[PDB]
Amino acid sequence: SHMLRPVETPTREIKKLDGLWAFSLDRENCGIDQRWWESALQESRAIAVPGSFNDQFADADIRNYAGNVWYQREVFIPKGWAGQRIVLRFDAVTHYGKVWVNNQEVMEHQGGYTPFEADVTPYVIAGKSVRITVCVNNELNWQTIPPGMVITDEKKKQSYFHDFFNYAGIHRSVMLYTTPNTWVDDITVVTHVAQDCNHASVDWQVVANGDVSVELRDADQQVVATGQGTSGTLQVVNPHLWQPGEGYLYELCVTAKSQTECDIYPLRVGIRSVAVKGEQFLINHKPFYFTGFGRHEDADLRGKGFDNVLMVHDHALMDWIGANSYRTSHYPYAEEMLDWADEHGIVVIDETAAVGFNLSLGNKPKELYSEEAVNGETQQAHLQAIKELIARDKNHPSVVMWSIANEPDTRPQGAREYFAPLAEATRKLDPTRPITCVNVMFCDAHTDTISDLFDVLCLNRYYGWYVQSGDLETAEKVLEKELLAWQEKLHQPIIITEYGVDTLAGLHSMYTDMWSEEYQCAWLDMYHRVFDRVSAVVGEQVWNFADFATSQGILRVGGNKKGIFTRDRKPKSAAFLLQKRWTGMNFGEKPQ
Amino acid sequence: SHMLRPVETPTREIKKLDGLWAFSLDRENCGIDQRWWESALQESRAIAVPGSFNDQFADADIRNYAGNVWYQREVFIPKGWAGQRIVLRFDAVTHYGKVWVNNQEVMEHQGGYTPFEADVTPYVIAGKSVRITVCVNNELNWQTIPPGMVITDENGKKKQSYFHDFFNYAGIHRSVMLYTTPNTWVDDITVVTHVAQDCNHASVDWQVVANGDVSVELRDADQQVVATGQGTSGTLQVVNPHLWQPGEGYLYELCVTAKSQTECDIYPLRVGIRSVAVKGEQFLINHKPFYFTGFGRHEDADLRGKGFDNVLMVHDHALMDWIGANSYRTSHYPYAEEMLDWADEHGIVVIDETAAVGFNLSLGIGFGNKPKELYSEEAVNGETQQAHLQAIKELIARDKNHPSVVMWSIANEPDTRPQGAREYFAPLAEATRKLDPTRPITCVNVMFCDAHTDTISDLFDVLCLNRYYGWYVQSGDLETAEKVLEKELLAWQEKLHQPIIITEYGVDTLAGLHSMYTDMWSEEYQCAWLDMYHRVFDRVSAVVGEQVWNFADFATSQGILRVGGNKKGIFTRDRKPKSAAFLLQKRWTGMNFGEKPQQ
């Protein structure tokens, strides 16, 4: 469970395994039987790690593959790591990985978007080359997060219920890292902030197999507070709060000392509180207004693979357009993104991979919550996905809210019985952040059965698109009516976590009609006018930052075209509309 | 200067410094005066290394910047490296870099496209963090490869003028790393692979520089020792050798051990056993005629500019393999060495080119006022020629052992009309042959320096012609273009009786522009015009190759000739195929591998 982000210290080294690996499909599904991990993969080819495997090859038969694929490389253990605790770590393997070091099985993970690792000290020798084999499986069933159904025809075909392509592979960094045989295994900080903002407290809890001391250092490396033992509270006079748009960070240096060994782990800490009060979202006791995007991890060639240039360029576009926030739609993002948000003061709604709990979007069993679909084991798997997300992200000050799912069908019998325990367990795992369950349009104010269990109303709305098609005048009436009915029903802060229309870049129309750039601008504008008239709306996240790949079908013109930007990051007209609205408002303040 | 590719060995470790660095412009040019390397960069932002700096930020003022920029990060020296020789290496900094480790100046390099490195043993402590600062300059002048002119406006604002048809991207384009050797190490290796006529025997010469006794083991792809030797130099005999063949690329491994009394070093060099030679109008690989198919390329992609990237390299190789391409040219600069490791392993044939494009003031591509004499003290001069010689030396020192590299191109499209041209190029031709006698040389020929006009192609072994009849002239007229093209190729065959590679033929093609009139800029014209070239090539016995310009659409300087860039791609910049990709697929997969097509 304990999952600290590897960082280089006087007591910790890292060796990235990113680069070219050997790669092989297993159409006969005989690689486990033939123990492929005991040899060089036969009939293999070069693949980039990190990256989705699907689009690296310009090959439809690989892109559409369902089953196991195999990655392998050789790596030299640094000579100096003799006597040291050596960990092998995968930041993310989509959706399942099993790992062998030479002929030793070392670890296994279900969940495509959070890290897994094993201590491999006993199975490697410092100064020698070792063989790493990974069996990666991209199949979804009713107990995976997200769910799906594999149909077999004779040949496997993956069915799934979410509007983004089922990219798979080693999407994020692989690495070896070291600790001493005494080490800091875990840290929780809780950051309290007086109402007047003129004092703050920092609770710590540490797990380590040796005596623990902590030093809190400011941005200038001046020690502002010190403590001892596994737990306690640091007092901070006149603290530099972590504020949206700035993101001042302290460093909590955790030392675990044995008589013989010592370990130093620096954790970035942003001093901020988050709370809902009535229909206001407060950060450091001040109302905040969310602007920005639903995103995806999606790009040409690399699929959902992490990439620094893309992270730099996309943050430069969000900065320029005046976005203050985003949501990790619809899975945990690369941790680098949360390190970025921490440092630049970007506000994040951190979401699990639990999209698709919904059989009514655009074969399938009769009852959504039943033994044959979302069941007891599904709910366990969902709890595990929430635990892994919070265990990874609990200390990121940029994360202001947990979204435990996107667009579940809450009409059917058993929805509330499924969600209640998940809402409760989320609050116990992290009491410091509000929780949400992002709401599908047809589960309206008069229909939805679970919104009372959550703190903030995150509504996905597309009136004037899938319904009242091309009619802004009717869409505006229906939208305003529904937001006010939500305000009346629950008196929670409302974030519109999804509003957008498919827009084909370069399609221009004097009739302002669907798919045109001019429609995208008129439709976003109508939404904005309505949001500004409703006092409960504390945010707006446009769907989507950029055009992204989907499953093939008649609704998707080479993918999802709701982007503000093209997949190659070129702006549509609507990017300039958002630039003016979001840079023209006062930072973090509801427009008028 | 000795430049072995770093590889992990029982005696050698590597630590990549790729990732996010601190970045700053220096618009006032006060960073050397204020010694910016002595502290945190002051007004900095995160940048990805490797990558061009220009397009990471969606910011015109950064994209169009001329002068110095500043890169910086901190890094821990691995504790276990104590007692090891520690080297800091940049695979490429475009166009100039100076490097500091804390406050010690350690390195400087001019030349945007090959590696530089320094022994930093004395300036670091194993187990402690050091600060690496890089001052990177992107300015071209008449002594840079490639050349250019910085125009300073009346307000002191710098604008880069340059004479080549690709955008002057700059930054740390390739991997940065620390690596170790023991204090005894293999510093340099040259192999020469000789191949009997009958192909049933081969010999492998070796030469090694190292501060210790040298032994070699040649191992086949199964890791079985086929030959052993001793000393800094000698010859290994190989019975029934598995030749490095185009389309397969079988590799041996030459393990070089340097042993002192106390420590030792093991360096494995991949060796492809193959001979290259020109005989008459044939280009011979392993004594058999070869026919080149494939592309002029560029290092160019969305967002990252000329930055290296594994996913792009995997995807592009899968597109070249699919379309039936057997070869490419590193137009117009040395490419990331990972490309030549790929070519070695899969048997792709490569024309390795220097960065010496732009030696030509009479094209319409690039971009103040051009000097009147191209070869003069005030333009291409003695110091330019020295800088060009240095660029050729550095390329060969890097690539001399890649079996995939079958020919050196020392420049692209110089103006060879003036008398100065032969005076400048002759000594460069001679010095290239001395540096590597195992490969033929070329100088890629511009269209207006025709068979009746050109003054230097006799000094080279292979005629690499860049031709665009029916585009820049005889615009849209396939009938006239075809006559002029055939006439000129036959005039070249008569004049020099060399093998001819068409190293550039292409037309601007806007993806999705379709025409029933088969006229310029349409997908249909791209198809009809490449087809007309193919028909002419197949009627000329001297034509041993065809490399389409270009693999993919790529960025250029803004101007009236370039519709958001160069649109001569077979693929779009996002790697989507134009109709002409399917035309090339049929011709190149329908011919016999490596064999001149027929009518």
Fraction of alpha-carbon pairs over 22 Å apart in region A:423-567 - percent
44
In terms of the alpha carbon gyration tensor, root eigenvalues a ≥ b ≥ c, rounded if a/c is under 1.5 and otherwise prolate when a/b exceeds b/c or oblate, chain A is oblate
Quick check on the exposure proxy: order A:30, B:527 from fewest to most C-beta atoms within 10 angstrom.
A:30, B:527
Helical mean residue ellipticity (222 nm; -39500 (n - 2.57) per DSSP H run of 4+; nearest 500) of chain B
-6000 deg cm²/dmol
How do B:125, B:86, B:396 rank when sorted from fewest to most other Cβ atoms within 10 Å of their own Cβ?
B:125, B:396, B:86
Using a 10 Å cut-off on Cβ to Cβ distances, tally the other chain neighbours for every residue of A:48-58 and report the average as a whole number.
5
Global form of region B:359-501, assessed from the alpha-carbon gyration tensor, a/c cut-off 1.5:
oblate
Could you pull the Cα extents of region B:306-346 along its three principal axes, largest to smallest, in whole Å?
24, 20, 18
Long-range Cα-Cα pairs in region A:1-154 (distance over 19 Å), rounded percent
57
Using amide H atoms built 1.01 Å from N in the peptide plane, name the residues 5+ places from residue B:293, or on other chains, whose amide H lies under 5 Å from its own.
B:326, B:327, B:546
Can you work out the Karplus-derived ³J(HN,Hα) for every residue in region B:169-184? Use 6.51 cos²θ - 1.76 cosθ + 1.60 with θ = phi - 60°, whole Hz, and x for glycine or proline.
5, 8, x, 8, 7, 9, 4, 10, 7, 8, 9, 10, 10, x, 6, 9
Sparse-neighbour loop sites [chymotrypsin sites (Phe, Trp or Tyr not before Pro); region B:1-103; at most 10 other C-beta within 10 Å; DSSP]
none
Under a no-solvent Debye model with one identical scatterer per Cα of region A:446-517, what's log10 I(q)/I(0) at q = 0.19, 0.21, 0.26, 0.27 Å⁻¹?
-0.83, -0.94, -1.21, -1.27
If you place +1 on the Cβ of every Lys and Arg and -1 on the Cβ of every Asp and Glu, how big does the dipole about the Cα centre of the protein assembly as shown come out, in debye to the nearest 20?
260
Other residues with Cβ under 12 Å from the Cβ of residue B:515 give, with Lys and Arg +1 and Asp and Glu -1, a net charge of -3
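Within 10 Å of each Cβ in peptide B:72-78, how many partner chain Cβ atoms are there on average? Round it to a whole number, please.
Per residue, the number of nearby Cβ atoms from other chains is 3 on average.
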Can you work out the FRET efficiency for the pair residue A:82 and residue A:428, with r the C-beta to C-beta distance and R0 = 30 Å, to the nearest 0.05?
0.10
For region A:218-232, just list the computed ³J(HN,Hα) in residue order, Karplus coefficients 6.51, -1.76 and 1.60, θ = phi - 60°, integers in Hz, with x standing in for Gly and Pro.
7, 4, 8, 6, 9, 5, 9, 6, 9, x, 9, x, 3, 9, x
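Contour minus end-to-end for residue A:277 and residue A:213, with contour as 0.36 nm per residue of separation and end-to-end as the Cα-Cα distance?
Additional length available on full extension: 19.4 nm.
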For the protein assembly as shown, build the charge dipole from Cβ charges (+1 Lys, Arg; -1 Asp, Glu) around the Cα centre, then report which of A:149, A:14, B:275 sits farthest towards its positive end.
A:14
Label-point separation (nm) for residue B:230 and residue B:560, each offset 7 Å from Cα along Cα-to-Cβ?
7.4
Kirkwood Rh and Cα Rg combined as Rg/Rh, the protein assembly as shown:
0.97
Under 1.5 on a/c is rounded, so check that first for region B:261-308, then, if it is not, pick prolate when a/b is larger than b/c and oblate when it is not; a ≥ b ≥ c are the square roots of the alpha carbon gyration tensor eigenvalues.
oblate
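For region B:1-107, run through the GluC sites (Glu not before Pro) and keep only the ones in DSSP coil with at most 13 other Cβ atoms within 10 Å of their Cβ.
Details: sites: B:8, B:13, B:28, B:38, B:43, B:74, B:105; in loops: B:8, B:13, B:28, B:43.
Counting only loop positions with at most 13 other Cβ atoms within 10 Å, the GluC sites (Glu not before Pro) in region B:1-107 are B:28, B:43.
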By per-residue mean of other Cβ atoms within 10 Å, what is the highest-first order of A:320-329, A:462-471?
A:320-329, A:462-471
Determine ³J(HN,Hα), in whole Hz, for all residues of region B:106-112 in sequence, where each value follows from phi through the Karplus function 6.51 cos²θ - 1.76 cosθ + 1.60 and θ = phi - 60°; x replaces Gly and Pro.
10, 8, 8, 8, 10, x, x
Using only the alpha-carbon atoms, what does region B:117-215 span along each of its principal axes? Please give whole angstrom values in decreasing order.
66, 51, 20
Summing +1 per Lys or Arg and -1 per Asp or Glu among the other residues with Cβ less than 13 Å from residue A:126's Cβ gives +3
Ratio of the Cα radius of gyration of region B:171-285 to 2.2 N^0.38 Å, where N counts its residues:
1.23
Hey, any idea what the orientation-averaged projected area of the convex hull of region B:516-599's Cα atoms comes to, in nm²?
6.8
At q = 0.14, 0.17, 0.25 Å⁻¹, base-10 log of I(q)/I(0) for region B:211-277 (Debye sum, equal scatterers on each alpha carbon):
-0.46, -0.64, -1.11
What is the average number of partner chain Cβ atoms found within 10 Å of a Cβ in A:311-319?
5
Two decimals, Cα atoms only, Kirkwood Rh: what is Rg/Rh over region B:1-80?
1.06
Using the crude model of +1 on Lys and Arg Cβ and -1 on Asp and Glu Cβ, and no other charge, please compute the dipole size for region B:321-469 relative to its Cα centre, in debye to 20.
320
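Read the figures in this text as sums done on the coordinates, not as results from a lab. Neighbour counts run over all protein chains shown; Cβ positions are idealised from the backbone, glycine included.
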